[PDB]
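Position 1 is the first residue of the sequence, and the numbers go up from there. Atoms within a ligand are numbered from 1 in the order they appear, just like the ligands themselves.
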Amino acid sequence: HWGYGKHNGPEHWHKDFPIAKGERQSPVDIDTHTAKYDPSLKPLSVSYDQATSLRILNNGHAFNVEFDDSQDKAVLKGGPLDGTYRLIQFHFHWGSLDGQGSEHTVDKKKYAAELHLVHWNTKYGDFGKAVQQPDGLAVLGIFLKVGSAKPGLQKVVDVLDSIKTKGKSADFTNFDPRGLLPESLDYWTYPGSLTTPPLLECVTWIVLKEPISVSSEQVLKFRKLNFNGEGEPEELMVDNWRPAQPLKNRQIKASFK
Ligand SMILES: CC(C)(C)OC(=O)NCCCCOc1ccc(S(N)(=O)=O)cc1
Ligand SMILES: [Zn+2]
């Protein structure tokens with residue numbers, strides 16, 4: 001099955017998921033000089049004060065922190081979005097080295113990791129329905145660079161030892177995702193896709209301009225996770241990112257001058 005290795009990685013995904021060569025695939029390179037300021041954009045509304053985290057899971061491709069999305073508890077609105085998008089999970093992509101790891105790039109620069117907060121459009125009832133719609137998801141993307149530690153990330157880092165291998169999960173309640181946000185909500189936005197199979201073209205991407213900084217110790221603990229299940233040969237979970245895809249007939253819009 002699909003992965004990030006030499007024999008099942010991004011270059012192979014099109015064989016099972018032909019949409020991999022589609023017209024609105026993600027991630028992309030964000031060329032800052034060609035992104036256009038769009039005064040018609042509204043401010044982002046991030047309302048996470050009643051977020052209810054449930055669990056953290058190693059799914060063999062990344063680790064997901066899952067939320068109760070059966071009510072409007074943590075929602076994204078405004079910006080390019082019409083309607084209300086509910087937070088369902090967040091996860092990261094990261095590298096084996098500090099100079100790679102992000103999926104989006106900025107003027108071809110790669111960051112050490114990238115955070116994806118995944119939301120679905122409540123007009124579609126559930127996540128499974130939403131991924132089948134062109135405007136079904138909104139993913140908030142946040143770059144990570146290595147520098148000072150991110151205090152709000154440490155509770156995630158501390159539990160990773162309990163979910164080392166594929167299939168392992170742990171209780172993870174009362175986590176506040178607001179502690180993962182940068183100061184500024186300035187963003188770029190464009191229409192795209194899931195960056196993993198099934199690569200569905202259902203995502204409005206909102207990528208924040210300002211990265212958060214994490215410590216080398218924090219990202220080193222990401223790199224100790226395993227792709228494999230317990231009792232299988234150990235393969236470190238690193239470089240779980242898809243490279244930039246052709247922009248084709250798309251324009252990136254910026255919320256800022
Ligand atoms: C039957 C099946 C599984 C083919 O249909 C599904 O319902 N697809 C479910 C979608 C699961 C993928 O979840 C994500 C993958 C990647 C991202 S990312 N890296 O773009 O933010 C988000 C969700
Ligand atoms: Zn992702």
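- The ring of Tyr111 has its center no closer than 6.0 angstrom to the ring center of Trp241.
- A cation-pi arrangement is found for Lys209 relative to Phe256, the charged atom lying closer than 6.0 Å to the ring centre and inside a 45° cone about the ring normal.
- Salt-bridge formation is not detected for the pair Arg242/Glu103: no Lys NZ or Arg NE/NH1/NH2 atom is positioned less than 4.0 Å from an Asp or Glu carboxylate oxygen.
- The protein non-hydrogen atom at the shortest distance from atom 5 (O) of ligand 1 is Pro198 CG, 4.8 Å.
- Restricting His91 to its N/O/S atoms, the shortest distance to the Zn ion (ligand 2) is reached by NE2.
- At a heavy-atom cutoff of 4.0 Å, ligand 1 is contacted by no atom of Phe92, backbone or side chain.
- Heavy atoms of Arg242 come nearer than 4.0 angstrom to ligand 1 in no pair at all.
- No side-chain N or O of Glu235 forms a donor-acceptor pair with one of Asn228 less than 3.5 Å apart.
- Near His93, meaning under 4.0 Å from one of its heavy atoms, ligand 1 places the atoms 19 (N).
- Protein heavy atoms are absent from the space less than 4.0 angstrom from atom 3 (C) of ligand 1.
- Residue-ligand proximity: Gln132 is placed with every non-hydrogen atom at 4.0 Å or more from ligand 1.
- The closest protein non-hydrogen atom to atom 13 (O) of ligand 1 is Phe127 CZ, 4.3 Å.
- In terms of polar-atom proximity, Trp205 is not counted as a contact of ligand 1, lacking any N or O under 3.5 Å from an N or O of the ligand.
- One hydrophobic cluster, built from ILVMFWY side chains closer than 4.5 Å, holds both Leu247 and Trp188.
- Distance check on atom 15 (C) of ligand 1: some protein heavy atom falls below the 4.0 Å cut-off.
- More than 12 heavy atoms of other residues, nucleotides or ligands lie within 6.0 Å of CG in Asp107, so this atom counts as buried by the packing criterion.
- The shortest side-chain heavy-atom distance between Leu117 and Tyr85 does not fall under the 4.5 Å cut-off.
- Salt-bridge formation is not detected for the pair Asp176/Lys155: no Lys NZ or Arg NE/NH1/NH2 atom is positioned less than 4.0 Å from an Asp or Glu carboxylate oxygen.
- With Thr195, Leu194, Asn240 as candidates, the residue nearest to atom 12 (C) of ligand 1 on a non-hydrogen basis is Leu194.
- A salt bridge is defined here as a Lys NZ or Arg NE, NH1 or NH2 lying under 4.0 Å from an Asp or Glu carboxylate O, and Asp29 with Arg250 fails to meet this definition.
- The Zn ion (ligand 2) lies closest to atom ND1 when only the N/O/S atoms of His116 are considered.
- Looking at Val131, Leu199, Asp126, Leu137, it is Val131 that brings a heavy atom closest to atom 7 (O) of ligand 1.
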